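Here is the structure we will look at.
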Amino acid sequence: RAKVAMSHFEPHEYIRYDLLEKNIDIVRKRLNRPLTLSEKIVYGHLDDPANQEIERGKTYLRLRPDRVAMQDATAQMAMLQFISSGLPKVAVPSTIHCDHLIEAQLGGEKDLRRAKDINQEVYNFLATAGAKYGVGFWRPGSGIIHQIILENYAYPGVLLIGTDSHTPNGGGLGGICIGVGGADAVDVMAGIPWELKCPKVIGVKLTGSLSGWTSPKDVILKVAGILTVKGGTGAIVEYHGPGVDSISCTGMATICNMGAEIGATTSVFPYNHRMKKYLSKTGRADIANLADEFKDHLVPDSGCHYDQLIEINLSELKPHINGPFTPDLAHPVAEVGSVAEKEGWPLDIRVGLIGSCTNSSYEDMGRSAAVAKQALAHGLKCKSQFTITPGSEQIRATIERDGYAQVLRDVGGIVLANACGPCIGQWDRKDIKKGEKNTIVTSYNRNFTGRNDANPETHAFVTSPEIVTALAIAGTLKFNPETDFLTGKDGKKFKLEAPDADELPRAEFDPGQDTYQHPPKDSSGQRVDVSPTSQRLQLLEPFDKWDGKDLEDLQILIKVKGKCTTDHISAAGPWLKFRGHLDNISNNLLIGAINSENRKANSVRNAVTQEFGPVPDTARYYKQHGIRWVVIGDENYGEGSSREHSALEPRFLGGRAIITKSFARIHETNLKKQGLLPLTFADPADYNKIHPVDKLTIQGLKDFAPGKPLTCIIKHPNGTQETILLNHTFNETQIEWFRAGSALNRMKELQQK
Ligand SMILES: C[C@](O)(C(=O)O)[C@H](CC(=O)O)C(=O)O
Ligand code: SF4
């Protein structure tokens with residue numbers, strides 16, 4: 001066909017749209033109905049399109065992804081599992097991005113130099129394991145994983161998986177990009193089919209066009225408020241309608257990115273002329289030309305059916321700000337000042353932060369510079385502290401060149417390294433004491449308790465970068481950029497004009513400094529060294545195979561009340577230091593979850609000693625003494641980040657099952673991957689039948705089967721027993737992971753030994 005390479009770094013790996021077309025056509029001859037765009041790209045990547053059972057929301061699809069991307073906080077454990085497999089080389093194009101371990105403190109270059117010293121051992125391990133197994137390596141300072149992928153690797157029709165829940169960002173260039181845990185990434189790197197539950201499809205029809213202060217971020221802040229954090233579970237969100245051509249390619253990536261906060265499997269936009277333009281300005285005009293020849297397969301079929309349809313008229317959409325606490329608590333910027341006042345949320349903004357993968361594009365930086373230049377023209381600077389995170393080295397070099405970084409420094413901002421930084425709590429914040437109630441506004445995406453600075457009382461609101469800039473200049477939530485007046489230096493009241501700026505540089509992008517390291521795919525004689533006394537890296541010892549018996553008289557470690565995110569289960573911030581060391585990071589297990597017994601975090605009753613203490617310590621005591629335990633949770637358990645450490649840590653400390661009213665998708669898969677039993681109540685009111693003091697027996701593991709519930713006997717202390725039924729979503733592939741002790745153990749059994 002055409003021989004167009006997948007990227008500039010893999011000149012010999014060609015885009016297979018011929019394959020995509022062939023598979024789409026086998027499938028539509030079987031289904032005889034129009035296909036949505038996400039169905040075309042997902043079913044076009046089936047391992048066996050002729051025989052695959054296809055029912056939305058019901059069957060597990062066996063898929064062949066085109067490439068794997070990892071960032072350094074999840075790559076360590078994905079590579080330690082790949083090293084246990086014993087396999088010599090990765091089977092698909094794979095990259096590691098070093099963006100999560102650079103702490104914001106002094107700003108830019110200074111923080112990057114310090115991170116390279118402090119994290120030497122880890123950057124070393126990832127670069128060496130990358131060279132050995134054939135994984136491309138983007139060095140610290142290169143940029144945030146998703147901005148590097150949009151700029152270099154995402155293209156229309158790609159199926160990409162990434163070990164990060166904001167991998168959907170790549171949907172802004174028409175590809176299906178899905179967040180997974182490290183063991184799912186090991187499957188694909190090892191060459192075995194990846195399984196995904198066939199998604200439902202929510203269609204969002206965009207009408208009109210954005211104007212004034214409204215930006216792409218407002219579309220997904222509105223959709224999150226409508227669908228809520230659990231409304232997208234099990235579905236792909238597919239944006240369509242005439243309003244789509246009104247949004248820039250990076251704007252579309254912003255909207256797909258934050259679809260992770262409603263639990264969506266991913267989000268996607270159809271290939272159009274704004275994506276073409278972006279591909280050409282990022283050196284990929286040949287890929288835009290080939291996608292023009294396969295365009296019919298890169299847009300939805302006429303008359304395709306969405307399981308749910310939402311319509312948003314972009315011309316009536318006004319600026320939003322969401323939070324504090326949850327990303328679906330949506331408010332117009334015009335009313336947040338009065339709601340804050342009413343709810344007792346601090347009105348004064350201590351810090352304004354722009355960037356993160358969600359909003360760190362060239363257009364985002366130009367729109368923020370456009371607000372800031374107006375303030376400067378009246379002799380003002382930010383009243384709040386103000387930080388700017390460029391998404392990649394190319395964006396940092398280009399906004400530096402085109403003058404936007406200096407405008408942002410002149411209003412009082414500090415430019416941080418091209419890294420996650422304050423977005424996952426890698427921030428040496430000293431302006432508030434811990435426990436001090438305060439408000440920060442960001443252009444990020446999640447705003448869960450203690451995620452940016454480990455202070456539970458920080459009220460974090462997420463909005464667009466131009467509104468963070470306007471509010472940082474005013475210093476208060478009680479400021480609406482569209483209506484209100486600031487007073488300049490000269491005494492005159494003035495109003496901010498709505499920002500206007502170019503979507504892409506007129507000139508070319510300046511690539512900045514060299515940051516990619518290609519694998520020698522010749523030589524590869526690397527020894528990966530993991531010191532046996534390291535506190536940051538530790539090789540894995542395989543989990544135990546199932547004993548063949550039912551699980552009797554299980555102790556409840558904790559019955560959790562309410563929201564239980566993967567940041568509650570395995571916190572980030574300071575704990576990122578131990579992401580390659582399973583025993584050391586397991587000391588954060590469930591320390592943020594609220595115990596229903598006392599409503600406290602990290603205080604559970606030890607059943608033997610009858611002392612209340614830390615959850616990690618209590619789980620290790622039970623494991624030392626042979627007491628097998630269970631976690632009981634509420635709705636949407638495991639919401640958020642994809643970190644498989646939330647599943648590895650309960651397995652390591654002796655847990656056996658997690659029983660909840662419902663699971664977020666990625667965490668439920670990660671639990672199954674690690675040999676645990678994720679089970680849901682067949683009747684959710686049964687959550688109220690179980691008391692912290694009860695022992696539980698799970699029966700029927702011997703004839704464990706797809707679609708057959710398991711029986712749970714609740715043993716009450718007074719002698720009463722009650723039987724309830726528990727549902728599971730295991731298929732036979734997955735029951736094999738459980739019987740082997742983990743998916744990695746099963747894979748190693750298939751290697752004939
Ligand atoms: C840090 C993270 O990027 C996050 O935003 O929560 C994570 C991955 C991780 O825990 O390392 C995510 O979204 O999956
Ligand atoms: S959401 Fe924040 S922490 Fe996750 S990749 Fe993006 S910038 Fe990094």
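Just so we're on the same page: first chain in the structure tokens is A, next is B, and so on; residues restart at 1 for each chain, and ligands are numbered from 1 in the order they show up.
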Find the residues around residue 421 in chain A up to 7 Å (only C-alpha atoms counted), leave out those fewer than 3 positions away in its own chain, and share them as a PDB file with N, CA, C and O atoms, in the first residue's frame.
ATOM      1  N   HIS A 100       6.920  12.323  35.801  1.00  0.00           N
ATOM      2  CA  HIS A 100       6.201  12.312  37.071  1.00  0.00           C
ATOM      3  C   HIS A 100       7.034  12.522  38.306  1.00  0.00           C
ATOM      4  O   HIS A 100       6.479  12.665  39.403  1.00  0.00           O
ATOM      5  N   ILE A 102       9.547  14.905  38.839  1.00  0.00           N
ATOM      6  CA  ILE A 102      10.232  16.184  38.924  1.00  0.00           C
ATOM      7  C   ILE A 102       9.364  17.089  39.792  1.00  0.00           C
ATOM      8  O   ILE A 102       8.266  17.478  39.391  1.00  0.00           O
ATOM      9  N   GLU A 103       9.857  17.384  41.001  1.00  0.00           N
ATOM     10  CA  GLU A 103       9.201  18.224  41.993  1.00  0.00           C
ATOM     11  C   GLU A 103       9.328  19.712  41.733  1.00  0.00           C
ATOM     12  O   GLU A 103      10.429  20.190  41.479  1.00  0.00           O
ATOM     13  N   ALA A 104       8.248  20.464  41.808  1.00  0.00           N
ATOM     14  CA  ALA A 104       8.300  21.899  41.631  1.00  0.00           C
ATOM     15  C   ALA A 104       8.746  22.547  42.925  1.00  0.00           C
ATOM     16  O   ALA A 104       8.180  22.297  43.998  1.00  0.00           O
ATOM     17  N   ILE A 424       0.334  16.063  40.445  1.00  0.00           N
ATOM     18  CA  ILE A 424       0.250  14.880  41.290  1.00  0.00           C
ATOM     19  C   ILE A 424       0.945  15.149  42.625  1.00  0.00           C
ATOM     20  O   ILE A 424       1.536  14.244  43.244  1.00  0.00           O
ATOM     21  N   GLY A 425       0.968  16.386  43.117  1.00  0.00           N
ATOM     22  CA  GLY A 425       1.528  16.641  44.429  1.00  0.00           C
ATOM     23  C   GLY A 425       3.023  16.663  44.413  1.00  0.00           C
ATOM     24  O   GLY A 425       3.595  16.467  45.487  1.00  0.00           O
ATOM     25  N   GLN A 426       3.727  16.824  43.278  1.00  0.00           N
ATOM     26  CA  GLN A 426       5.205  16.945  43.260  1.00  0.00           C
ATOM     27  C   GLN A 426       5.483  18.439  43.304  1.00  0.00           C
ATOM     28  O   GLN A 426       5.774  19.086  42.294  1.00  0.00           O
ATOM     29  N   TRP A 427       5.330  19.002  44.496  1.00  0.00           N
ATOM     30  CA  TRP A 427       5.263  20.432  44.691  1.00  0.00           C
ATOM     31  C   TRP A 427       5.745  20.644  46.107  1.00  0.00           C
ATOM     32  O   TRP A 427       5.071  20.133  46.998  1.00  0.00           O
TER      33      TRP A 427
END
Any idea what's packed within 10 Å of residue 228 in chain A, counting only C-alpha atoms, ignoring anything in its chain fewer than 5 positions away? Could you give it as a PyMOL selection string? chain A and resi 222-223+261-263+326-330
Prev. selection, C-alpha atoms, output as a PDB file, in the first residue's frame:
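Wrote it out as result_20.pdb, contents follow:
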ATOM      1  CA  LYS A 222     -20.146  20.986  31.286  1.00  0.00           C
ATOM      2  CA  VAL A 223     -20.262  17.321  30.139  1.00  0.00           C
ATOM      3  CA  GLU A 261     -13.066  12.105  35.064  1.00  0.00           C
ATOM      4  CA  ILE A 262     -16.472  10.619  34.147  1.00  0.00           C
ATOM      5  CA  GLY A 263     -15.009   7.070  33.970  1.00  0.00           C
ATOM      6  CA  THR A 326     -14.817  16.376  42.684  1.00  0.00           C
ATOM      7  CA  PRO A 327     -14.415  17.388  39.053  1.00  0.00           C
ATOM      8  CA  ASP A 328     -18.245  17.055  38.242  1.00  0.00           C
ATOM      9  CA  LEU A 329     -19.408  19.783  40.666  1.00  0.00           C
ATOM     10  CA  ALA A 330     -19.739  22.325  37.846  1.00  0.00           C
TER      11      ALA A 330
END
Env of residue 123 in chain A: 9 Å cut, atoms = only C-alpha atoms, seq-sep filter 4 positions within chain, self excluded. Answer as a VMD selection string. chain A and resid 72 98 116 119 127 to 128 139 to 140
Near-ligand residues for ligand 1, threshold 7 Å, only C-alpha atoms and all ligand atoms, as a list in words: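 The distance check yields residues 73, 74, 163, 164, 165, 166, 424, 572, 640, 641, 642 and 643 of chain A.
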Would you save the residues of that selection, restricted to N, CA and C atoms, as a PDB file, in the first residue's frame?
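Result written to result30.pdb:
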ATOM      1  N   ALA A  73       6.294   6.926  36.591  1.00  0.00           N
ATOM      2  CA  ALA A  73       5.749   6.457  37.830  1.00  0.00           C
ATOM      3  C   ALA A  73       5.067   5.132  37.632  1.00  0.00           C
ATOM      4  N   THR A  74       4.649   4.705  36.443  1.00  0.00           N
ATOM      5  CA  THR A  74       4.022   3.391  36.267  1.00  0.00           C
ATOM      6  C   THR A  74       4.912   2.493  35.441  1.00  0.00           C
ATOM      7  N   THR A 163       0.000   3.491  30.221  1.00  0.00           N
ATOM      8  CA  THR A 163      -0.189   3.239  31.644  1.00  0.00           C
ATOM      9  C   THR A 163      -0.439   4.551  32.382  1.00  0.00           C
ATOM     10  N   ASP A 164      -1.562   5.175  32.082  1.00  0.00           N
ATOM     11  CA  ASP A 164      -1.948   6.423  32.697  1.00  0.00           C
ATOM     12  C   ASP A 164      -3.417   6.625  32.342  1.00  0.00           C
ATOM     13  N   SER A 165      -4.278   7.084  33.229  1.00  0.00           N
ATOM     14  CA  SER A 165      -5.674   7.182  32.921  1.00  0.00           C
ATOM     15  C   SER A 165      -5.940   8.373  32.028  1.00  0.00           C
ATOM     16  N   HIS A 166      -5.052   9.347  31.756  1.00  0.00           N
ATOM     17  CA  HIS A 166      -5.363  10.416  30.806  1.00  0.00           C
ATOM     18  C   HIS A 166      -4.837  10.163  29.369  1.00  0.00           C
ATOM     19  N   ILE A 424       0.334  16.063  40.445  1.00  0.00           N
ATOM     20  CA  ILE A 424       0.250  14.880  41.290  1.00  0.00           C
ATOM     21  C   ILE A 424       0.945  15.149  42.625  1.00  0.00           C
ATOM     22  N   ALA A 572      -0.235   9.193  46.068  1.00  0.00           N
ATOM     23  CA  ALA A 572       0.909   9.563  45.266  1.00  0.00           C
ATOM     24  C   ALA A 572       1.751  10.577  46.052  1.00  0.00           C
ATOM     25  N   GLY A 640     -10.537   6.894  39.345  1.00  0.00           N
ATOM     26  CA  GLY A 640      -9.359   7.720  39.148  1.00  0.00           C
ATOM     27  C   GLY A 640      -8.246   7.075  38.350  1.00  0.00           C
ATOM     28  N   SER A 641      -7.071   7.438  38.848  1.00  0.00           N
ATOM     29  CA  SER A 641      -5.820   6.998  38.288  1.00  0.00           C
ATOM     30  C   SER A 641      -5.763   5.507  38.059  1.00  0.00           C
ATOM     31  N   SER A 642      -5.019   5.055  37.051  1.00  0.00           N
ATOM     32  CA  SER A 642      -4.936   3.640  36.694  1.00  0.00           C
ATOM     33  C   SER A 642      -3.877   2.833  37.460  1.00  0.00           C
ATOM     34  N   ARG A 643      -3.105   3.463  38.351  1.00  0.00           N
ATOM     35  CA  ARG A 643      -1.992   2.840  39.080  1.00  0.00           C
ATOM     36  C   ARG A 643      -2.297   1.423  39.564  1.00  0.00           C
TER      37      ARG A 643
END
For ligand 2, which residue out of A:446, A:559, A:620, A:521 is the nearest one, using only C-alpha atoms and all ligand atoms? A:446
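Between CA of residue 268 in chain A and CA of residue 315 in chain A the separation is 21.4 Å.
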Show me which residues are within 7 Å of ligand 2 counting only C-alpha atoms and all ligand atoms, and format the list as JSON, numbers by chain. {"A": [99, 100, 144, 145, 146, 164, 166, 356, 357, 358, 419, 420, 423, 424, 444, 445]}
Per-residue nearest contacts range 552-573 of chain A to range 452-462 of chain A, cut-off 12 Å, using only C-alpha atoms, as CSV:
residue,atom,partner,partner_atom,distance
A:567,CA,A:454,CA,10.7
A:568,CA,A:454,CA,11.5
A:571,CA,A:454,CA,9.3
A:572,CA,A:454,CA,9.0
A:573,CA,A:454,CA,7.1
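Here CA of residue 138 in chain A and CA of residue 65 in chain A stand 20.8 Å from one another.
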Find the residues around residue 570 in chain A up to 7 Å (only C-alpha atoms counted), leave out those fewer than 6 positions away in its own chain, and share them as JSON, numbers by chain. {"A": [588, 589, 590, 645, 646]}
Quick one: everything within 12 Å of residue 390 in chain A, counting only C-alpha atoms, minus sequence neighbours fewer than 4 positions away in the same chain. Send it as an NGL selection string. :A and (99 or 107-108 or 141-144 or 147-148 or 353-366 or 394-400 or 404-405 or 408 or 414-421 or 465)
Suppose we keep N, CA and C atoms; can you now write the selection as a CSV table (one decimal), in the first residue's frame?
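Ended up saving to part32.csv:
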chain,number,residue,atom,x,y,z
A,99,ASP,N,8.2,12.1,33.3
A,99,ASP,CA,7.5,13.3,33.6
A,99,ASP,C,7.0,13.4,35.0
A,107,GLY,N,11.6,26.3,40.3
A,107,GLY,CA,11.3,26.6,38.9
A,107,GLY,C,12.2,25.9,37.9
A,108,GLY,N,11.7,25.8,36.7
A,108,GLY,CA,12.4,25.2,35.5
A,108,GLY,C,13.7,24.3,35.6
A,141,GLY,N,12.6,16.1,31.5
A,141,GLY,CA,12.6,17.4,30.9
A,141,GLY,C,12.0,17.4,29.5
A,142,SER,N,11.8,16.3,28.8
A,142,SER,CA,11.2,16.1,27.5
A,142,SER,C,9.8,16.6,27.5
A,143,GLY,N,9.0,16.3,28.5
A,143,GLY,CA,7.6,16.8,28.5
A,143,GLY,C,6.7,15.7,29.1
A,144,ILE,N,5.4,16.1,29.3
A,144,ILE,CA,4.4,15.3,29.9
A,144,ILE,C,4.0,14.2,28.8
A,147,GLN,N,1.3,15.1,25.9
A,147,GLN,CA,1.7,16.1,25.0
A,147,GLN,C,2.7,15.6,24.0
A,148,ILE,N,3.7,14.8,24.5
A,148,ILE,CA,4.7,14.1,23.6
A,148,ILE,C,3.9,13.2,22.6
A,353,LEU,N,-2.5,27.9,38.9
A,353,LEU,CA,-1.6,27.0,38.2
A,353,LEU,C,-2.1,26.7,36.8
A,354,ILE,N,-1.3,27.0,35.7
A,354,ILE,CA,-1.7,26.6,34.4
A,354,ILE,C,-0.8,25.5,33.9
A,355,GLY,N,-1.3,24.7,33.0
A,355,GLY,CA,-0.6,23.6,32.4
A,355,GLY,C,-1.3,22.2,32.7
A,356,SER,N,-0.5,21.2,33.0
A,356,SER,CA,-0.8,19.8,33.0
A,356,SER,C,-1.1,19.3,31.6
A,357,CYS,N,-1.3,18.0,31.3
A,357,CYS,CA,-1.5,17.5,29.9
A,357,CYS,C,-2.8,18.1,29.3
A,358,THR,N,-3.8,18.4,30.2
A,358,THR,CA,-5.0,18.9,29.8
A,358,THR,C,-4.9,20.2,29.2
A,359,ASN,N,-4.1,21.1,29.6
A,359,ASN,CA,-4.1,22.5,29.1
A,359,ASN,C,-2.8,23.1,29.1
A,360,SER,N,-1.9,22.5,28.3
A,360,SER,CA,-0.6,23.1,28.2
A,360,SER,C,0.0,23.3,26.8
A,361,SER,N,-1.0,23.5,25.9
A,361,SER,CA,-0.7,23.6,24.5
A,361,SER,C,-0.2,25.0,24.1
A,362,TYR,N,0.2,25.2,22.9
A,362,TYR,CA,0.6,26.5,22.4
A,362,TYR,C,-0.6,27.5,22.4
A,363,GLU,N,-1.8,27.0,22.0
A,363,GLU,CA,-3.0,27.9,22.1
A,363,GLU,C,-3.3,28.3,23.5
A,364,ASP,N,-3.2,27.3,24.4
A,364,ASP,CA,-3.5,27.6,25.8
A,364,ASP,C,-2.6,28.6,26.4
A,365,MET,N,-1.3,28.5,26.1
A,365,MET,CA,-0.3,29.5,26.5
A,365,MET,C,-0.5,30.8,25.9
A,366,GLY,N,-0.9,30.9,24.6
A,366,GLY,CA,-1.1,32.2,23.9
A,366,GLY,C,-2.4,32.8,24.5
A,394,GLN,N,9.3,21.2,23.1
A,394,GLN,CA,8.9,21.9,21.9
A,394,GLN,C,8.0,23.1,22.3
A,395,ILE,N,6.9,22.9,23.1
A,395,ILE,CA,6.1,24.0,23.5
A,395,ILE,C,6.9,25.0,24.3
A,396,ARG,N,7.7,24.6,25.3
A,396,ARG,CA,8.5,25.5,26.0
A,396,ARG,C,9.4,26.3,25.1
A,397,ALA,N,10.1,25.7,24.2
A,397,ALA,CA,11.0,26.4,23.2
A,397,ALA,C,10.2,27.4,22.3
A,398,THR,N,9.1,27.0,21.8
A,398,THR,CA,8.3,27.8,21.0
A,398,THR,C,7.6,29.0,21.8
A,399,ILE,N,7.1,28.8,23.0
A,399,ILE,CA,6.4,30.0,23.6
A,399,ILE,C,7.5,30.9,24.1
A,400,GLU,N,8.7,30.4,24.3
A,400,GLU,CA,9.8,31.2,24.7
A,400,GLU,C,10.2,32.1,23.5
A,404,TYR,N,5.6,34.4,24.6
A,404,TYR,CA,4.5,34.3,25.6
A,404,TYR,C,5.1,34.0,26.9
A,405,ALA,N,6.3,33.3,27.1
A,405,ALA,CA,6.8,33.0,28.4
A,405,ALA,C,7.3,34.2,29.1
A,408,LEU,N,4.2,36.1,30.6
A,408,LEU,CA,3.8,35.3,31.8
A,408,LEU,C,4.8,35.5,32.9
A,414,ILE,N,5.9,31.9,37.5
A,414,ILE,CA,7.2,31.1,37.6
A,414,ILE,C,6.9,29.9,36.6
A,415,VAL,N,7.9,29.7,35.7
A,415,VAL,CA,7.8,28.6,34.7
A,415,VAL,C,8.5,27.4,35.3
A,416,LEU,N,7.7,26.3,35.4
A,416,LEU,CA,8.2,25.1,36.1
A,416,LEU,C,8.7,24.2,35.0
A,417,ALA,N,9.4,23.1,35.4
A,417,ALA,CA,9.9,22.1,34.4
A,417,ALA,C,8.7,21.5,33.6
A,418,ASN,N,9.0,20.9,32.4
A,418,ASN,CA,7.9,20.3,31.6
A,418,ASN,C,7.6,19.0,32.2
A,419,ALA,N,6.8,19.0,33.3
A,419,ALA,CA,6.6,17.7,34.0
A,419,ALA,C,5.2,17.9,34.8
A,420,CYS,N,4.7,16.8,35.3
A,420,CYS,CA,3.4,16.9,36.0
A,420,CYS,C,3.4,17.8,37.1
A,421,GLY,N,4.5,17.7,38.0
A,421,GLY,CA,4.7,18.6,39.1
A,421,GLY,C,3.5,18.8,40.0
A,465,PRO,N,-7.1,27.7,31.2
A,465,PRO,CA,-5.9,28.5,31.5
A,465,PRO,C,-6.2,30.0,31.5
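Every protein, DNA or RNA residue with an atom at most 12 Å from residue 286 in chain A, where only C-alpha atoms count and chain neighbours fewer than 2 positions away do not, is listed here: residues 2, 3, 4, 5, 6, 7, 8, 14, 15, 155, 276, 277, 279, 280, 281, 282, 283, 284, 288, 289, 290, 291, 292 and 293 of chain A.
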Write the residues of the selection above to a file with C-alpha atoms, as a PDB file, in the first residue's frame.
ATOM      1  CA  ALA A   2       1.563   3.250   1.109  1.00  0.00           C
ATOM      2  CA  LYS A   3       4.609   2.870   3.343  1.00  0.00           C
ATOM      3  CA  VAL A   4       4.064   5.751   5.746  1.00  0.00           C
ATOM      4  CA  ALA A   5       5.888   5.333   9.072  1.00  0.00           C
ATOM      5  CA  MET A   6       4.069   5.533  12.427  1.00  0.00           C
ATOM      6  CA  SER A   7       6.429   8.280  13.616  1.00  0.00           C
ATOM      7  CA  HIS A   8       9.747  10.011  12.960  1.00  0.00           C
ATOM      8  CA  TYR A  14       4.177   1.422   8.862  1.00  0.00           C
ATOM      9  CA  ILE A  15       0.578   2.609   9.444  1.00  0.00           C
ATOM     10  CA  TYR A 155      -2.599   9.751  14.449  1.00  0.00           C
ATOM     11  CA  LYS A 276      -4.915  17.614   9.306  1.00  0.00           C
ATOM     12  CA  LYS A 277      -3.504  21.044   9.953  1.00  0.00           C
ATOM     13  CA  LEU A 279      -0.363  16.822  11.634  1.00  0.00           C
ATOM     14  CA  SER A 280       1.207  18.998   8.953  1.00  0.00           C
ATOM     15  CA  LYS A 281       2.552  21.561  11.451  1.00  0.00           C
ATOM     16  CA  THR A 282       4.071  18.704  13.511  1.00  0.00           C
ATOM     17  CA  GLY A 283       6.029  17.250  10.529  1.00  0.00           C
ATOM     18  CA  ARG A 284       3.422  14.588   9.656  1.00  0.00           C
ATOM     19  CA  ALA A 288      -2.526  13.542   7.008  1.00  0.00           C
ATOM     20  CA  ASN A 289      -2.362  12.704   3.276  1.00  0.00           C
ATOM     21  CA  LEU A 290      -2.773   8.970   3.883  1.00  0.00           C
ATOM     22  CA  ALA A 291      -5.677   9.613   6.352  1.00  0.00           C
ATOM     23  CA  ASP A 292      -7.327  11.730   3.568  1.00  0.00           C
ATOM     24  CA  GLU A 293      -7.240   8.594   1.349  1.00  0.00           C
TER      25      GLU A 293
END
Compile the contact shell of residue 659 in chain A as a ChimeraX atom specification: residues with an atom at most 7 Å away, counting only C-alpha atoms, same-chain residues fewer than 5 positions apart removed. /A:631-633,678-680
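Selecting strand (DSSP E) from the backbone DSSP output for range 384-433 of chain A yields residues 385, 386, 387, 388, 413, 414 and 415 of chain A.
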Proximity to residue 137 in chain A - best of A:634, A:649, A:503, A:514, only C-alpha atoms: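 When distances to residue 137 in chain A are compared using only C-alpha atoms, the smallest one comes from A:514.
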Using only C-alpha atoms for the distances, tell me which of A:47, A:77, A:715, A:558 is nearest to residue 582 in chain A.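 Under the stated criterion, the closest residue is A:77.
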